[PDB]
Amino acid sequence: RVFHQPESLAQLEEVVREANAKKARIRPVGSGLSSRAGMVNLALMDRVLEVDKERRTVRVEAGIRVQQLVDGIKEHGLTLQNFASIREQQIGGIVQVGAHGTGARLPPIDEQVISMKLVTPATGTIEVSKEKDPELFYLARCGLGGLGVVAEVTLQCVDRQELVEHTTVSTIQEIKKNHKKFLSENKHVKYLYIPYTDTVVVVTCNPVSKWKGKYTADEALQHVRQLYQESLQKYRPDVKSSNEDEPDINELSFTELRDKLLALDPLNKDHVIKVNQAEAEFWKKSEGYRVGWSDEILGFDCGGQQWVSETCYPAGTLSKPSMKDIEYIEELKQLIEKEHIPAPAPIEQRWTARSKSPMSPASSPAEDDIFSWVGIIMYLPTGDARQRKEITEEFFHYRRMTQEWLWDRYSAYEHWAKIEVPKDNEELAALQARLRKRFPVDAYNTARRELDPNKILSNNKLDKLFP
């Protein structure tokens, strides 16, 4: 068991060079897709190197966390273009898996990278950009951590702006009439779908005007707090001798209440339907506006454990949306109800512009191509490993239904951070051929063999995805 924690680029280079001579194996921690290999952690390479206010760019070591980056460039009037799930991830790993936010004209995070430093086992450290080995630059931007350890990145930033977040409820039929307007006139937009109900939550975010500038929160949580009591008295009849066998349920957020509610019987579709109908009623009483800075409006703060499958599929152009992003959801909600899947809320739908990284699920040679990202979810309660196993079993069946009935039809490919390798060799061979028809696997494996001949930077997952 060897552990490495280099504090600088020079120490990381020494680690990789030392492991290449001994032909040993190293495993970067948070640098790509998730043993005898030595662990190399980049958490100490976390400093902002350069901040160009005039070009609105920042150069950072790749081990820095998103929140640390935002707080660093905040003093210079700059912020990040988009934010993915969790500000707790290192920037190098976020880019290497092609993470994304939402916004039909905003591209994924890997497209925000102007250049980077690649520490390769064979050729040392190389600097790549659109003018320095651009073929390798675009391949390695969303390189899944296989072409080398990303040590530094230069990011294109934008001005720090206050944003207005608007939350409304609607329906699929009303959304289909305003979809083209919704995607084109809003900087950020996402739809939150609630299985077994017709309620759709629409969230938009736009910069505040530098000129211009219903139900109480307790009123909206009332029916959720009492449905929990009716469930806490129905499923566990030997509990709730008072409200004192559990901390005060008031001052719990809706997200924490939903987690408590589902945990009482998460695999019963009848109970999940009741929870989802309570959620739809909560959002109906939660329309309104919020104002914050882009990082605190688009960032996510302390959720929980959950299974998520997110896929990326083309949705046409802003000038001519194919409307297949909505039709995918219509068929998905149909499958859930046909198969009685106990699917909780929300099914999250987001959009991005294209990426020029060929390994990105949103890659396209057409600059105006837009992509829809849809995530299905099931929540995992902390506690009994037995119930966590049965929820996991139900989730992989839930995921497999979308995979076998939807993905090939909509040209959908899974987010690299969420991709799961199948155990059956029949499904595994099909996945390898499918990825080979969408991404340049041959060019990818060729660069891997050249930059790492001794296979020091190799995962079981990468070797299974791209044989």
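Residue indices: 1-based, along the sequence shown.
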Residues with no coordinates between residue 247 and residue 248, taken from the deposited sequence as a class:
none
Using none, 1 to 3, 4 to 9 or 10 or more, say how many deposited residues go missing between residue 34 and residue 35.
4 to 9
The stretch carrying the higher mean Cα B factor in the deposited entry, 296 to 304 or 334 to 342, is 296 to 304
Taking the deposited Cα B-factors and averaging over 236 to 244 and over 182 to 190, the higher mean is found in 236 to 244
Selection by C-alpha B-factor (highest) of 105, 258, 76, 386:
386
Looking only at 162, 110, 310, 287, the Cα with the top B-factor belongs to 162
Sorting the chain's CA B-factors, does residue 424 end up in the lowest, middle or highest third?
highest
Quick one: classify residue 38 as lowest, middle or highest third of the chain based on its Cα B-factor.
highest
Split into thirds by Cα B-factor across the chain's modelled residues, where does residue 141 land: lowest, middle or highest?
middle
Can you tell me whether residue 281 has a C-alpha B-factor in the lowest, middle or highest third compared with the other modelled residues of the same chain?
middle
Ordered by C-alpha B-factor within the chain, which third holds residue 58? Give me lowest, middle or highest, please.
lowest
